[PDB]
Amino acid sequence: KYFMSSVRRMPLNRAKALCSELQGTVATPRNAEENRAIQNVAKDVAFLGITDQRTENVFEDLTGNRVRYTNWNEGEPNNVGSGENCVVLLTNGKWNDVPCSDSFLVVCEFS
């Protein structure tokens, strides 16, 4: 897997479209090593290819596969307010669930 980060921020729909344009997908760390690699390529908070849109509190990748490895920041996921169904990687490498309509950098994943 190869990881590339975007320079501008955008909502998840646009993030997905960007990675897909070059035939990749939004980055999904499957272990601590990939998590670190993604963190390093990201210069700020960035979207991961994980969501609990289909079923609340059931996080899966963009292809429907339930994720096994997680690295939730203390207190997360909390689905605050009207809801948070997307996921971002913070600058310390931990994850936080956020509204999919909010804008962050995106890290794309390629094989």
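Position 1 is the first residue in the sequence shown; the rest follow in order. What we label the rigid core is the largest C-alpha set whose atoms superpose within 1.5 Å from one form to the other.
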**Request:** Kindly name the stretch, out of 50 to 58 and 30 to 38, whose CA atoms are displaced more from this form in 9 other deposited structures of this protein after the core superposition?
**Result:** 50 to 58
**Prompt:** Which has the higher mean CA temperature factor in the PDB entry, 62 to 70 or 24 to 32?
**Reply:** 62 to 70
**Request:** Please work out which of 5 to 13 and 91 to 99 has the higher mean CA B-factor as recorded in the PDB entry.
**Result:** 5 to 13
**Where the record places residue 39 (Cα B-factor, split into thirds across the chain)** = highest
**Request:** For residue 51, return the chain-relative third of its C-alpha B-factor as stated in the PDB record: lowest, middle or highest.
**Result:** middle
**Request:** Sorting the chain's modelled residues by C-alpha B-factor, tell me whether residue 57 ends up in the lowest, middle or highest third.
**Result:** middle
